[PDB]
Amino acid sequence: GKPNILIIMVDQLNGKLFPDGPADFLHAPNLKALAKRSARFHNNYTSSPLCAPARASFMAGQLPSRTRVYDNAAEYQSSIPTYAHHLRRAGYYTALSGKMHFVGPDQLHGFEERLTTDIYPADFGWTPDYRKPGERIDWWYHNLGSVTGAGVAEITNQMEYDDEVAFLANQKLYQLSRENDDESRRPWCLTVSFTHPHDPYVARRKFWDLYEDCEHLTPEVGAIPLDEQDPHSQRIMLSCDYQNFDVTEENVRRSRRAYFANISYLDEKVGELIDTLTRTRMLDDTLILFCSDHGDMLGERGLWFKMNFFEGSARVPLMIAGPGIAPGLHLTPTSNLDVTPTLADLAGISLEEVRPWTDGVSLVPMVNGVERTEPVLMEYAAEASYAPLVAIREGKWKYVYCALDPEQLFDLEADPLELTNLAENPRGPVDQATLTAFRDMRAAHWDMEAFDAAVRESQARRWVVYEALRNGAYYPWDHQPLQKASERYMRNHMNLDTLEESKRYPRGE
(Lines of atoms letter the chains of each structure in order from A and count residues from 1; the text may use other names and numbers.)
(Lines give C-alpha, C1' and ligand atoms only; values in the text may rest on other atoms or scores of the structure.)
Protein backbone atom coordinates (compact mmCIF):
# COMPACT_ATOMS: atom_id res chain seq x y z
CA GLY A 1 0.00 0.00 0.00
CA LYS A 2 2.92 2.35 -0.36
CA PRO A 3 2.44 5.16 -2.89
CA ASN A 4 4.52 6.30 -5.84
CA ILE A 5 6.40 9.60 -5.78
CA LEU A 6 7.01 12.00 -8.68
CA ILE A 7 9.38 14.86 -7.84
CA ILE A 8 9.22 17.65 -10.43
CA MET A 9 12.15 20.02 -9.91
CA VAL A 10 13.18 23.19 -11.78
CA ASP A 11 16.31 25.31 -11.31
CA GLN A 12 16.28 29.06 -10.53
CA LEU A 13 12.53 29.54 -9.99
CA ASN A 14 11.78 32.73 -8.03
CA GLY A 15 9.37 31.55 -5.34
CA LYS A 16 7.60 34.92 -5.20
CA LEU A 17 6.04 34.02 -8.57
CA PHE A 18 4.24 31.20 -6.69
CA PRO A 19 2.16 33.03 -4.05
CA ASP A 20 -0.68 30.45 -3.90
CA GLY A 21 0.23 28.31 -6.85
CA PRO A 22 1.59 30.05 -9.94
CA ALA A 23 0.93 33.77 -10.17
CA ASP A 24 -2.17 34.83 -12.08
CA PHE A 25 -0.22 36.59 -14.83
CA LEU A 26 1.78 33.41 -15.46
CA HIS A 27 0.37 31.28 -18.29
CA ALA A 28 0.82 27.95 -16.50
CA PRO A 29 -2.44 25.97 -16.69
CA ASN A 30 -0.92 22.65 -15.61
CA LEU A 31 0.99 23.94 -12.58
CA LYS A 32 -2.12 25.92 -11.65
CA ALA A 33 -4.31 22.81 -11.81
CA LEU A 34 -1.72 20.93 -9.74
CA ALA A 35 -1.77 23.73 -7.15
CA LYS A 36 -5.50 23.24 -6.53
CA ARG A 37 -4.76 19.59 -5.70
CA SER A 38 -1.68 20.21 -3.56
CA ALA A 39 -0.71 21.49 -0.14
CA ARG A 40 1.16 24.68 -1.02
CA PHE A 41 3.89 26.27 1.10
CA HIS A 42 3.95 30.01 0.46
CA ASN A 43 7.16 30.76 2.36
CA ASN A 44 9.50 27.90 1.42
CA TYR A 45 13.21 28.73 1.36
CA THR A 46 16.33 27.16 -0.08
CA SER A 47 19.23 25.94 2.03
CA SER A 48 21.85 27.70 -0.13
CA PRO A 49 21.26 30.06 -3.09
CA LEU A 50 23.18 28.00 -5.69
CA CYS A 51 22.81 24.86 -7.85
CA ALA A 52 25.35 22.48 -6.23
CA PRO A 53 25.10 23.48 -2.52
CA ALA A 54 21.29 23.56 -2.56
CA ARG A 55 20.88 20.30 -4.48
CA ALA A 56 23.35 18.38 -2.31
CA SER A 57 21.49 19.89 0.64
CA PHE A 58 18.12 19.11 -0.97
CA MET A 59 19.05 15.46 -1.51
CA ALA A 60 20.42 14.83 1.99
CA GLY A 61 18.18 17.20 3.94
CA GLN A 62 21.34 18.58 5.55
CA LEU A 63 22.78 22.08 5.59
CA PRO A 64 25.81 22.82 3.37
CA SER A 65 27.92 23.08 6.53
CA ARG A 66 27.07 19.39 7.15
CA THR A 67 27.17 18.07 3.58
CA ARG A 68 30.48 19.99 3.15
CA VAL A 69 29.26 20.99 -0.34
CA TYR A 70 30.06 24.69 0.01
CA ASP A 71 30.07 25.75 -3.66
CA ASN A 72 29.63 24.48 -7.23
CA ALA A 73 32.83 22.37 -7.16
CA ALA A 74 32.89 20.84 -3.66
CA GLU A 75 32.87 17.04 -3.63
CA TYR A 76 29.67 15.29 -2.54
CA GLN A 77 30.54 12.25 -0.44
CA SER A 78 29.16 8.87 -1.46
CA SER A 79 28.60 8.06 2.22
CA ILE A 80 26.12 10.92 2.78
CA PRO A 81 22.63 9.37 2.69
CA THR A 82 19.96 11.10 0.61
CA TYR A 83 16.23 10.52 0.19
CA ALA A 84 17.18 8.16 -2.64
CA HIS A 85 18.95 5.99 -0.05
CA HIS A 86 16.09 6.19 2.45
CA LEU A 87 13.36 5.25 -0.04
CA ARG A 88 15.53 2.60 -1.71
CA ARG A 89 16.22 1.10 1.72
CA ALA A 90 12.45 0.95 2.35
CA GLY A 91 11.87 -0.95 -0.91
CA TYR A 92 11.46 1.87 -3.44
CA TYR A 93 12.76 1.95 -6.99
CA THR A 94 14.54 5.29 -7.33
CA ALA A 95 15.34 7.10 -10.57
CA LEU A 96 16.72 10.54 -11.45
CA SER A 97 16.11 12.13 -14.85
CA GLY A 98 17.81 15.50 -15.15
CA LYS A 99 20.18 17.71 -13.19
CA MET A 100 21.44 17.45 -9.63
CA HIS A 101 24.97 18.89 -10.07
CA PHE A 102 26.79 16.10 -8.25
CA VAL A 103 30.48 17.01 -7.95
CA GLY A 104 32.80 14.05 -7.53
CA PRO A 105 33.06 10.58 -9.08
CA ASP A 106 29.68 9.58 -7.58
CA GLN A 107 26.80 10.61 -9.85
CA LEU A 108 23.98 8.48 -8.36
CA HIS A 109 24.14 9.15 -4.59
CA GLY A 110 21.54 6.49 -3.83
CA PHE A 111 19.63 6.73 -7.12
CA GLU A 112 19.27 3.22 -8.52
CA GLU A 113 19.14 4.55 -12.09
CA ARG A 114 19.96 7.90 -13.70
CA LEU A 115 18.33 8.47 -17.08
CA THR A 116 20.48 11.38 -18.32
CA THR A 117 23.87 12.94 -17.72
CA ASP A 118 24.15 16.32 -16.00
CA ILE A 119 24.05 19.59 -17.89
CA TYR A 120 26.82 20.96 -15.66
CA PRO A 121 30.36 19.71 -14.95
CA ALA A 122 31.20 17.19 -12.23
CA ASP A 123 34.81 18.24 -11.53
CA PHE A 124 36.55 20.70 -9.19
CA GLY A 125 36.75 23.45 -11.82
CA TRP A 126 34.38 26.01 -10.31
CA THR A 127 36.28 26.27 -7.03
CA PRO A 128 36.27 29.74 -5.41
CA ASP A 129 39.27 31.05 -3.48
CA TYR A 130 38.63 32.92 -0.23
CA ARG A 131 42.36 33.69 -0.20
CA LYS A 132 41.99 36.08 -3.17
CA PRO A 133 38.88 38.20 -2.49
CA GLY A 134 37.53 40.41 -5.25
CA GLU A 135 38.89 38.16 -8.00
CA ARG A 136 36.41 36.81 -10.55
CA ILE A 137 36.88 33.95 -13.02
CA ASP A 138 35.36 34.97 -16.34
CA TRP A 139 35.12 31.54 -17.98
CA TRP A 140 32.52 30.21 -15.52
CA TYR A 141 31.36 33.13 -13.37
CA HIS A 142 27.94 34.65 -13.90
CA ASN A 143 27.82 37.89 -15.88
CA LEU A 144 25.09 40.20 -17.14
CA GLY A 145 25.49 38.90 -20.70
CA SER A 146 22.52 36.67 -19.88
CA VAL A 147 20.45 39.86 -19.61
CA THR A 148 21.74 41.73 -22.67
CA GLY A 149 21.74 38.50 -24.69
CA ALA A 150 18.19 37.45 -23.84
CA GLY A 151 16.02 36.57 -26.80
CA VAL A 152 14.26 33.90 -28.86
CA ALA A 153 15.68 30.64 -30.19
CA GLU A 154 14.26 27.27 -31.18
CA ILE A 155 17.08 25.26 -29.57
CA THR A 156 19.50 25.99 -26.73
CA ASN A 157 21.88 24.01 -24.55
CA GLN A 158 19.21 24.00 -21.83
CA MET A 159 16.27 23.15 -24.10
CA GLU A 160 18.11 20.23 -25.69
CA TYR A 161 18.71 19.08 -22.11
CA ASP A 162 15.16 19.57 -20.85
CA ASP A 163 13.62 18.02 -23.96
CA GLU A 164 15.74 14.95 -23.23
CA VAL A 165 14.92 15.03 -19.51
CA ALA A 166 11.19 15.38 -20.18
CA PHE A 167 11.08 12.57 -22.75
CA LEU A 168 13.13 10.04 -20.78
CA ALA A 169 11.03 10.74 -17.68
CA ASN A 170 7.82 10.01 -19.61
CA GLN A 171 9.47 6.92 -21.10
CA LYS A 172 10.26 5.65 -17.60
CA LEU A 173 6.68 6.30 -16.46
CA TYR A 174 5.47 4.24 -19.43
CA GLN A 175 7.96 1.49 -18.54
CA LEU A 176 6.90 1.44 -14.89
CA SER A 177 3.25 1.25 -15.97
CA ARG A 178 4.01 -2.25 -17.27
CA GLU A 179 4.79 -3.32 -13.69
CA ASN A 180 1.29 -2.39 -12.53
CA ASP A 181 -1.28 -5.16 -11.99
CA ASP A 182 1.69 -7.05 -10.52
CA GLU A 183 1.30 -6.62 -6.76
CA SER A 184 4.77 -7.87 -5.89
CA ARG A 185 5.66 -4.50 -7.41
CA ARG A 186 8.18 -2.08 -5.99
CA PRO A 187 6.84 1.45 -5.50
CA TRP A 188 8.82 3.81 -7.71
CA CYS A 189 10.16 7.29 -7.00
CA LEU A 190 11.16 9.22 -10.13
CA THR A 191 12.81 12.65 -9.93
CA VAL A 192 12.38 14.89 -12.98
CA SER A 193 14.90 17.72 -12.55
CA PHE A 194 14.74 20.42 -15.23
CA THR A 195 17.30 23.17 -15.76
CA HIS A 196 14.86 25.90 -16.82
CA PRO A 197 14.19 28.70 -16.02
CA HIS A 198 17.92 29.06 -15.35
CA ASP A 199 19.69 31.60 -17.54
CA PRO A 200 20.34 32.21 -20.45
CA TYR A 201 16.91 33.85 -20.68
CA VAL A 202 16.07 32.47 -24.12
CA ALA A 203 12.82 30.72 -25.04
CA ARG A 204 11.06 29.30 -28.08
CA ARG A 205 8.87 31.66 -30.10
CA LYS A 206 5.73 29.72 -29.16
CA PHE A 207 6.09 30.58 -25.47
CA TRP A 208 7.72 33.99 -26.03
CA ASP A 209 4.52 35.02 -27.83
CA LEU A 210 2.43 34.10 -24.77
CA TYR A 211 3.81 37.11 -22.86
CA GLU A 212 3.29 39.86 -25.43
CA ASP A 213 0.71 41.53 -23.16
CA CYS A 214 2.71 41.15 -19.95
CA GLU A 215 3.15 44.02 -17.49
CA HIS A 216 5.26 42.21 -14.85
CA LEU A 217 8.34 42.68 -17.06
CA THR A 218 9.48 45.50 -14.72
CA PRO A 219 10.86 44.53 -11.29
CA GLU A 220 9.12 45.80 -8.17
CA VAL A 221 12.34 47.37 -6.84
CA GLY A 222 14.52 49.25 -9.30
CA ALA A 223 18.28 49.24 -9.68
CA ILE A 224 19.83 50.34 -6.38
CA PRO A 225 23.07 52.26 -7.10
CA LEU A 226 26.28 50.51 -6.12
CA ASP A 227 27.23 52.86 -3.28
CA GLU A 228 23.76 52.47 -1.72
CA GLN A 229 23.97 48.66 -1.88
CA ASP A 230 24.77 46.44 1.08
CA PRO A 231 28.30 44.96 1.00
CA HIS A 232 27.12 41.52 -0.11
CA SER A 233 25.02 42.88 -2.99
CA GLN A 234 28.05 44.94 -4.02
CA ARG A 235 30.14 41.76 -4.13
CA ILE A 236 27.47 40.09 -6.29
CA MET A 237 27.65 43.04 -8.68
CA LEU A 238 31.44 42.67 -8.56
CA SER A 239 31.24 38.99 -9.55
CA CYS A 240 28.74 39.75 -12.35
CA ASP A 241 31.04 42.24 -14.15
CA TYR A 242 28.47 45.04 -13.97
CA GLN A 243 31.08 47.58 -15.09
CA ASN A 244 31.20 46.09 -18.62
CA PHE A 245 27.44 45.90 -19.23
CA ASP A 246 24.91 48.66 -19.96
CA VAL A 247 21.66 46.83 -19.20
CA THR A 248 18.89 48.91 -20.78
CA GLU A 249 15.23 48.83 -19.77
CA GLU A 250 14.46 46.58 -22.74
CA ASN A 251 17.18 44.14 -21.66
CA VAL A 252 15.31 43.76 -18.37
CA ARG A 253 11.90 43.17 -19.97
CA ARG A 254 13.18 40.68 -22.56
CA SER A 255 15.06 38.72 -19.89
CA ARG A 256 11.99 38.61 -17.66
CA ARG A 257 9.83 37.75 -20.68
CA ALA A 258 11.88 34.74 -21.80
CA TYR A 259 12.10 33.74 -18.13
CA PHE A 260 8.29 33.74 -17.95
CA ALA A 261 8.11 32.01 -21.33
CA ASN A 262 10.43 29.25 -20.12
CA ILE A 263 8.12 28.79 -17.12
CA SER A 264 5.30 28.13 -19.59
CA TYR A 265 7.76 25.96 -21.53
CA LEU A 266 8.02 23.95 -18.31
CA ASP A 267 4.27 23.93 -17.65
CA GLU A 268 3.81 22.09 -20.95
CA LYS A 269 6.30 19.47 -19.73
CA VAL A 270 4.49 19.21 -16.39
CA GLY A 271 1.27 18.54 -18.30
CA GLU A 272 2.98 15.73 -20.19
CA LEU A 273 3.91 13.95 -16.95
CA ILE A 274 0.39 14.43 -15.55
CA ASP A 275 -1.14 13.17 -18.79
CA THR A 276 1.21 10.17 -18.78
CA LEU A 277 0.32 9.45 -15.15
CA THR A 278 -3.39 9.71 -15.99
CA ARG A 279 -3.45 7.46 -19.05
CA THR A 280 -1.21 4.88 -17.35
CA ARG A 281 -3.66 4.70 -14.40
CA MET A 282 -0.95 5.57 -11.87
CA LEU A 283 -2.06 9.10 -10.97
CA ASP A 284 -4.27 8.22 -8.00
CA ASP A 285 -1.48 6.32 -6.18
CA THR A 286 1.28 8.83 -7.03
CA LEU A 287 2.44 11.72 -4.88
CA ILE A 288 3.52 14.73 -6.94
CA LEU A 289 5.98 17.29 -5.57
CA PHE A 290 7.04 20.57 -7.16
CA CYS A 291 10.21 22.26 -5.94
CA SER A 292 13.27 24.26 -6.94
CA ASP A 293 16.82 24.61 -5.67
CA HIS A 294 17.00 28.43 -5.54
CA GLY A 295 15.47 31.57 -7.00
CA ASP A 296 16.27 34.46 -9.33
CA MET A 297 16.24 38.14 -8.40
CA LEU A 298 15.12 38.85 -12.00
CA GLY A 299 16.46 42.41 -11.91
CA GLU A 300 14.91 43.32 -8.56
CA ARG A 301 17.16 45.69 -6.57
CA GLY A 302 19.32 45.73 -9.71
CA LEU A 303 20.51 42.19 -8.94
CA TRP A 304 20.08 39.11 -11.11
CA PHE A 305 20.41 35.37 -10.54
CA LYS A 306 21.15 34.25 -6.98
CA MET A 307 23.96 34.13 -4.38
CA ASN A 308 22.04 36.09 -1.72
CA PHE A 309 19.27 35.65 0.84
CA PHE A 310 16.78 38.17 -0.54
CA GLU A 311 13.26 36.87 -1.10
CA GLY A 312 13.65 36.51 -4.87
CA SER A 313 16.86 34.50 -4.52
CA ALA A 314 16.08 32.53 -1.35
CA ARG A 315 12.41 31.57 -1.86
CA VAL A 316 11.32 28.59 -3.97
CA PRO A 317 7.94 26.99 -4.58
CA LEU A 318 6.95 23.81 -2.77
CA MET A 319 3.75 21.87 -3.46
CA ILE A 320 2.76 18.35 -2.39
CA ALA A 321 -0.22 16.61 -4.01
CA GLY A 322 -1.45 13.04 -4.00
CA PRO A 323 -3.34 10.51 -1.89
CA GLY A 324 -3.57 11.42 1.77
CA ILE A 325 -2.64 15.08 1.16
CA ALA A 326 -5.17 17.75 2.12
CA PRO A 327 -4.93 20.77 -0.21
CA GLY A 328 -4.38 24.20 1.25
CA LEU A 329 -2.08 27.18 1.60
CA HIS A 330 0.48 27.36 4.41
CA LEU A 331 2.33 30.46 5.57
CA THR A 332 4.71 29.20 8.27
CA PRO A 333 8.18 29.34 6.67
CA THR A 334 9.47 26.01 5.34
CA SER A 335 12.84 24.91 3.97
CA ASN A 336 14.12 22.61 1.25
CA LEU A 337 15.82 20.73 4.11
CA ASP A 338 12.35 19.40 4.98
CA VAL A 339 11.80 17.62 1.65
CA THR A 340 13.86 14.54 2.53
CA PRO A 341 12.19 13.89 5.94
CA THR A 342 8.78 14.67 4.40
CA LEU A 343 9.47 12.17 1.61
CA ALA A 344 10.35 9.44 4.10
CA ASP A 345 7.32 10.30 6.23
CA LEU A 346 4.97 9.92 3.26
CA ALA A 347 6.74 6.64 2.41
CA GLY A 348 5.91 5.19 5.84
CA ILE A 349 9.55 5.28 6.98
CA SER A 350 9.76 5.68 10.75
CA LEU A 351 10.98 8.97 12.20
CA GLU A 352 13.73 7.33 14.27
CA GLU A 353 15.46 6.10 11.10
CA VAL A 354 15.52 9.59 9.54
CA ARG A 355 16.19 11.75 12.64
CA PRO A 356 20.02 11.43 12.83
CA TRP A 357 20.48 12.00 9.08
CA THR A 358 18.49 15.17 8.34
CA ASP A 359 18.39 18.65 9.88
CA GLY A 360 14.87 19.42 8.62
CA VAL A 361 11.42 18.38 9.80
CA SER A 362 8.61 16.43 8.18
CA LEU A 363 5.87 18.64 6.73
CA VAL A 364 3.12 15.99 6.91
CA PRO A 365 1.96 17.26 10.35
CA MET A 366 1.79 20.79 8.94
CA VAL A 367 -0.31 19.48 6.04
CA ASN A 368 -2.79 18.08 8.57
CA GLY A 369 -3.07 21.31 10.57
CA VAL A 370 -0.32 20.83 13.17
CA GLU A 371 1.69 23.97 13.90
CA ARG A 372 5.40 23.93 13.08
CA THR A 373 7.83 25.99 15.15
CA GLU A 374 11.29 25.11 13.80
CA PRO A 375 13.09 28.05 12.14
CA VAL A 376 14.39 28.02 8.58
CA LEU A 377 18.18 28.10 8.24
CA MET A 378 20.17 29.17 5.18
CA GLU A 379 23.90 29.30 4.46
CA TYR A 380 26.10 30.46 1.60
CA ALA A 381 29.86 30.22 1.09
CA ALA A 382 30.61 30.46 -2.64
CA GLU A 383 31.34 33.16 -5.22
CA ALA A 384 30.68 36.82 -4.35
CA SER A 385 31.28 35.82 -0.71
CA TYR A 386 34.59 36.30 1.09
CA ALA A 387 33.37 34.54 4.26
CA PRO A 388 30.39 32.29 5.04
CA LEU A 389 26.97 33.93 5.28
CA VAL A 390 24.20 32.52 7.46
CA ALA A 391 20.52 33.41 7.60
CA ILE A 392 17.57 32.63 9.89
CA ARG A 393 13.92 32.84 8.81
CA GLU A 394 11.39 32.61 11.63
CA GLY A 395 7.80 33.83 11.92
CA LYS A 396 7.78 37.22 10.21
CA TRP A 397 11.52 37.90 10.51
CA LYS A 398 14.60 37.26 8.40
CA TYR A 399 18.03 37.63 10.00
CA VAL A 400 21.25 37.62 7.95
CA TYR A 401 24.74 37.52 9.48
CA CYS A 402 28.24 37.74 8.03
CA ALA A 403 31.44 38.43 9.95
CA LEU A 404 32.40 41.06 7.33
CA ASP A 405 28.93 42.60 6.95
CA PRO A 406 26.52 44.66 9.05
CA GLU A 407 23.68 42.36 10.04
CA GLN A 408 20.31 42.48 8.28
CA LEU A 409 16.87 42.16 9.88
CA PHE A 410 13.62 42.37 7.91
CA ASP A 411 9.98 42.39 9.03
CA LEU A 412 8.50 40.64 6.00
CA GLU A 413 4.90 41.29 7.08
CA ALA A 414 5.47 45.06 7.22
CA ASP A 415 8.26 45.07 4.58
CA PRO A 416 7.70 42.35 1.96
CA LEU A 417 10.19 44.02 -0.37
CA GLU A 418 13.03 44.21 2.15
CA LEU A 419 13.95 47.91 1.94
CA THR A 420 14.25 48.81 5.66
CA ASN A 421 17.14 47.20 7.56
CA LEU A 422 15.76 46.80 11.09
CA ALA A 423 19.22 45.94 12.44
CA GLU A 424 20.52 49.37 11.38
CA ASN A 425 17.28 51.38 11.84
CA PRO A 426 15.17 49.64 14.50
CA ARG A 427 11.56 50.71 14.94
CA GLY A 428 11.42 50.19 18.70
CA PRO A 429 12.61 48.11 21.66
CA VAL A 430 10.98 45.03 20.11
CA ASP A 431 13.23 45.17 17.04
CA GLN A 432 16.32 45.40 19.24
CA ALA A 433 14.99 42.58 21.42
CA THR A 434 14.43 40.47 18.30
CA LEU A 435 17.94 41.21 17.00
CA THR A 436 19.48 40.04 20.27
CA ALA A 437 17.38 36.86 20.19
CA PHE A 438 18.60 36.04 16.67
CA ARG A 439 22.23 36.65 17.64
CA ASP A 440 21.89 34.04 20.38
CA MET A 441 20.17 31.66 17.96
CA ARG A 442 22.93 32.18 15.38
CA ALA A 443 25.79 31.64 17.84
CA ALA A 444 24.05 28.49 19.09
CA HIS A 445 23.83 27.09 15.53
CA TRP A 446 27.01 28.30 13.81
CA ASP A 447 30.71 28.55 14.64
CA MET A 448 31.40 31.15 11.95
CA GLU A 449 35.17 30.92 12.45
CA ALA A 450 35.22 27.14 12.03
CA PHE A 451 32.79 27.51 9.11
CA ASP A 452 35.26 29.82 7.36
CA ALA A 453 38.23 27.55 8.11
CA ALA A 454 36.42 24.48 6.79
CA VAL A 455 35.53 26.26 3.55
CA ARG A 456 39.09 27.54 3.08
CA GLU A 457 40.48 24.04 3.63
CA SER A 458 38.00 22.63 1.10
CA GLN A 459 39.06 25.23 -1.47
CA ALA A 460 42.83 24.86 -1.01
CA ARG A 461 42.51 21.06 -1.03
CA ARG A 462 40.50 20.81 -4.25
CA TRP A 463 42.76 23.26 -6.09
CA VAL A 464 45.99 21.26 -5.66
CA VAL A 465 44.04 18.18 -6.77
CA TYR A 466 42.39 19.91 -9.73
CA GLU A 467 45.66 21.26 -11.14
CA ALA A 468 46.91 17.66 -11.07
CA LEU A 469 43.75 16.12 -12.54
CA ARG A 470 43.96 18.61 -15.44
CA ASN A 471 47.41 17.43 -16.56
CA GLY A 472 47.80 14.49 -18.88
CA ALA A 473 44.82 12.47 -20.03
CA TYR A 474 41.65 13.66 -18.31
CA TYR A 475 39.40 11.08 -16.62
CA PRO A 476 35.83 12.43 -16.72
CA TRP A 477 33.31 11.75 -13.97
CA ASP A 478 30.29 12.69 -16.10
CA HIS A 479 27.55 10.10 -15.69
CA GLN A 480 27.09 7.96 -18.81
CA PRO A 481 23.58 6.43 -18.83
CA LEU A 482 23.38 2.97 -20.40
CA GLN A 483 20.18 1.18 -21.39
CA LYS A 484 21.51 -2.22 -22.50
CA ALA A 485 20.48 -2.49 -26.15
CA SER A 486 21.05 -6.26 -26.06
CA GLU A 487 18.16 -6.53 -23.57
CA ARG A 488 15.61 -4.08 -25.06
CA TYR A 489 12.78 -4.76 -27.53
CA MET A 490 12.95 -8.18 -29.28
CA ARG A 491 15.98 -10.44 -28.84
CA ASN A 492 16.11 -14.11 -29.79
CA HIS A 493 16.39 -15.40 -26.20
CA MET A 494 12.72 -14.51 -25.57
CA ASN A 495 9.37 -15.23 -27.22
CA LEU A 496 7.77 -12.58 -29.43
CA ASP A 497 4.19 -13.23 -28.33
CA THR A 498 5.15 -13.39 -24.65
CA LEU A 499 7.20 -10.20 -24.99
CA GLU A 500 4.49 -8.17 -26.75
CA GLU A 501 1.97 -8.80 -23.96
CA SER A 502 4.50 -7.95 -21.24
CA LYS A 503 5.48 -4.65 -22.91
CA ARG A 504 1.82 -3.71 -23.49
CA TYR A 505 -0.25 -1.83 -20.91
CA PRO A 506 -3.09 -1.70 -20.15
CA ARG A 507 -3.60 -5.36 -21.08
CA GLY A 508 -6.71 -7.14 -22.29
CA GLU A 509 -8.20 -4.02 -23.87
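Numbers for residues come from their place in the sequence shown, where the first is 1.
Look at the mean CA B-factor for 389 to 397 and for 191 to 199 in the entry; the higher one is 389 to 397.
Across the two stretches, 336 to 344 and 368 to 376, the PDB entry reports the greater mean Cα temperature factor for 368 to 376. Between the residues 267, 164, 284, 75, the entry's highest C-alpha temperature factor is the one at 284. Remark: of 150, 321, 381, 238, 238 shows the highest value [criterion: C-alpha B-factor in the PDB entry].
Per the PDB record, residue ranking by Cα B-factor puts residue 457 in the middle third of the chain.
In this PDB entry, the Cα temperature factor of residue 206 sits in the bottom third of its chain's modelled residues, the lowest group.
Among all modelled residues in this chain, the alpha-carbon of residue 497 has a temperature factor (C-alpha) in the highest third.
When all modelled residues of the chain are sorted by CA temperature factor, residue 11 is found within the lowest third. Sort the modelled residues of the chain by CA B factor and residue 112 lands in the lowest third.
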